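Before any comments, here is the structure.
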Amino acid sequence: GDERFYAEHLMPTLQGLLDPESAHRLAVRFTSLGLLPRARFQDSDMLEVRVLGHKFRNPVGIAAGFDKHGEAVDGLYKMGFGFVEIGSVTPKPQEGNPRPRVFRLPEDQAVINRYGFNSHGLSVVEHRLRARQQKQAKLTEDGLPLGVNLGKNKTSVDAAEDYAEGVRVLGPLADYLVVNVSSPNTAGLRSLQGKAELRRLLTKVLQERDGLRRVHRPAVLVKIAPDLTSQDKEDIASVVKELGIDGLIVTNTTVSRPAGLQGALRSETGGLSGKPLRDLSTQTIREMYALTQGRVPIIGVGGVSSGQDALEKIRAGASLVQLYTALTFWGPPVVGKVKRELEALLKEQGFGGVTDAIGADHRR
Ligand SMILES: Cc1cc2nc3c(=O)[nH]c(=O)nc-3n(C[C@H](O)[C@H](O)[C@H](O)COP(=O)(O)O)c2cc1C
Ligand SMILES: COc1cccc(-c2ccc(NC(=O)c3ccsc3C(=O)O)c(F)c2)c1
Ligand SMILES: O=C(O)c1cc(=O)[nH]c(=O)[nH]1
């Protein structure tokens, strides 16, 4: 493939022929089949990162949402991602919201989605991952970890138990689990970010995680929204420290609509991703890093489309970064682009490697 070809011809043509959701489905299909452009870039030692009890070949991963049901994990590693996160997965299967539920904002290099946790359910995903469990074991040992993002059912009467079930069912198959309490498309989900409820919720999740056999015991991270108040962030940092949460994913999509959006569909209900979210996410990473005294690993997500975007989040405190929306606009070549640009910037700024740059802004 070619970065310019995909950005100017292939992707534009695809988006002109298929609606957003159909384009996504096709994307998952092609990826699962390995129909991807040549992954030129060769990961250098400079990009290697050790965190969350694992080695990561490179710090660029695919964010949750692209492979909700764990159907294209291997194809995603082939695309060049240093780690893959599937999900969110709900206990029981559910359809999500009616279509259309995803919209492109071309003029803003953004997307708005309100899928509503469409999920094949824990059982289906469980067997899908078991079919390649040993293959993943080798991938992980080779520096390509797998993360599993857990969600809750729309009609659930016990949010905590939904997450507990996810820990028990998919925890044994993941390197890290994500307690996603930041989806803007699930009524009352974000309220789980409150201190009182959060502590109770995470205490239960951690107990279930600790109850798994050693080799099947994943790290547990909490994914937060970019729309939290200063009080919310202080509370989350406090609870994370109190319970020993392994890490944070910052951030999910935003329900805010920054001044300046041009897309005709800017007022659609849902979470906004892409460039308009980038700096709000970076600043959230910066604050959480400071609140946790840089002792809690952070996976930075939100508007990453270049090496500069990645490095800004790393310097702000992220040990790893993820992207999704950039892929929807530029295609597979964007992964290699980000890694190549990141490597060059690290050298240009005097960093021996990614590890040396983590939280660098806080030390100046
Ligand atoms: C279409 C779509 C679906 C998503 N689904 C999920 C999900 O199921 N779980 C989750 O934790 N985040 C989900 N996200 C959020 C992304 O993981 C990420 O936090 C956010 O989009 C910011 O990254 P980006 O600007 O690179 O897309 C989704 C995002 C998009 C655009
Ligand atoms: C042969 O070339 C390839 C190979 C492998 C994957 C893709 C591809 C195609 C479309 C999307 N796009 C989305 O998956 C998407 C998600 C939510 S919206 C939206 C979109 O197009 O607007 C992609 F990420 C990757 C193209
Ligand atoms: O499934 C969705 O609608 C969804 C979940 C989530 O966590 N984030 C997002 O942007 N959409």
Side-chain angles (χ1 to χ4, degrees), residues 1-3 31 34 36-63 73-85 134-147 174-176 215 218-219 221 246-250 282 285 289 294-301 304-324 326-327 330 332-364:
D2 175 280
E3 316 188 322
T31 301
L36 315 167
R38 191 136 301 175
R40 36 165 285 298
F41 188 74
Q42 292 183 296
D43 292 347
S44 64
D45 294 358
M46 289 188 79
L47 298 182
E48 171 174 342
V49 176
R50 157 156 279 297
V51 66
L52 296 176
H54 291 283
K55 174 176 63 178
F56 294 71
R57 293 253 284 283
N58 70 69
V60 182
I62 177 69
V73 180
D74 294 300
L76 287 165
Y77 286 125
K78 181 176 181 179
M79 211 176 279
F81 289 109
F83 64 110
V84 172
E85 180 174 315
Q134 294 313 306
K135 177 192 295 184
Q136 182 60 60
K138 292 191 177 62
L139 284 166
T140 294
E141 174 67 4
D142 195 41
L144 299 171
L146 173 67
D175 286 309
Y176 73 82
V215 302
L221 295 78
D246 304 302
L248 292 166
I249 295 192
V250 192
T282 297
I285 290 167
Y289 186 80
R295 302 172 182 176
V296 176
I298 291 168
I299 295 183
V301 197
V304 172
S305 187
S306 70
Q308 175 176 299
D309 302 334
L311 188 55
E312 292 197 334
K313 281 180 164 56
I314 289 165
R315 288 179 61 86
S319 291
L320 301 169
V321 300
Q322 301 177 313
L323 62 80
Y324 182 172
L327 181 66
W330 316 127
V334 74
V335 185
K337 188 196 75 168
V338 172
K339 294 189 297 181
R340 182 182 69 249
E341 298 178 329
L342 175 57
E343 186 181 310
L345 289 170
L346 285 167
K347 295 178 177 298
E348 181 177 359
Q349 287 170 38
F351 293 111
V354 172
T355 306
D356 296 314
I358 300 173
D361 290 340
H362 298 263
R363 302 189 288 281
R364 65 197 315 297

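Values below: all heavy atoms of this structure, side chains included; hydrogens, waters and symmetry mates excluded. All residue numbers in this chain count up from 1 along the given sequence.
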Main-chain N/O of [Y] paired with [X] side-chain donor or acceptor, under 3.5 Å:
| X | Y | result |
| --- | --- | --- |
| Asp175 | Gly147 | no |
| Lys339 | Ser44 | no |
| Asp142 | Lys138 | no |
| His54 | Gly143 | no |

Is there a side-chain contact between [X] and [Y] (heavy atoms, below 4.5 Å)?
| X | Y | answer |
| --- | --- | --- |
| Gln308 | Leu345 | yes |
| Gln136 | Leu139 | yes |
| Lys78 | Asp74 | no |
| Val321 | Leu323 | no |
| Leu221 | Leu248 | no |
| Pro59 | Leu47 | yes |
| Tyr77 | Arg57 | no |
| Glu85 | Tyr176 | yes |

Atom CZ of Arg363 with >12 non-hydrogen neighbours under 6.0 angstrom: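 Count over threshold, so yes.
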More than 12 heavy atoms from other groups under 6.0 Å of CD on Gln349: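 Counting neighbours around CD of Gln349, more than 12 heavy atoms of other residues, nucleotides or ligands fall under 6.0 Å, so yes.
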At their closest point, which heavy atom of [X] faces which heavy atom of [Y], and how far apart are they?
| X | Y | value |
| --- | --- | --- |
| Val354 | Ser319 | CG1-O, 4.2 Å |
| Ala63 | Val301 | CB-CG1, 3.9 Å |
| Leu311 | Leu346 | CD1-CD2, 3.8 Å |
| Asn58 | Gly80 | ND2-O, 3.1 Å |
| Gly300 | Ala318 | N-CB, 3.7 Å |
| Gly82 | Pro145 | O-CD, 3.5 Å |

Distance in Å, [X] [atom1] paired with [Y] [atom2], rounded so as to fall on 0.5 Å steps:
| X | Y | atom1 | atom2 | answer |
| --- | --- | --- | --- | --- |
| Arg315 | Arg364 | CZ | CZ | 6.0 Å |
| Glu312 | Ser306 | CD | OG | 7.5 Å |
| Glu343 | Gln42 | CD | CD | 10.5 Å |
| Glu341 | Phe41 | CD | CZ | 10.5 Å |

Steps toward side-chain contact (heavy atoms from CB on, under 4.5 Å) verdict (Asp43, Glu48): CA-CA 8 Å; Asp43 292 347; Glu48 171 174 342; over 6 Å; no
Intermediate values then yes/no, side-chain contact (heavy atoms from CB on, under 4.5 Å), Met79 and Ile62: CA-CA 10 Å; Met79 211 176 279; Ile62 177 69; over 6 Å; no
Whether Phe56 and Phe83 hold their rings parallel, tilted or perpendicular, with breakpoints at 30° and 60°: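 Rings of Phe56 and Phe83: perpendicular, as their planes differ by over 60°.
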From CA spacing to verdict: side-chain contact (heavy atoms from CB on, under 4.5 Å), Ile358, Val51: CA-CA 11 Å; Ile358 300 173; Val51 66; over 6 Å; no
Of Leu144, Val84, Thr31, the residue whose pairing with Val73 passes side-chain contact (heavy atoms from CB on, under 4.5 Å):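 Output: one option passes, namely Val84.
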Identified side-chain contact (heavy atoms from CB on, under 4.5 Å) counterpart of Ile249 within the set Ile299, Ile285, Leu320, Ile298: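 Result: among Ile299, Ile285, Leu320, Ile298, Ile299 is the only option passing the side-chain contact (heavy atoms from CB on, under 4.5 Å) with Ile249.
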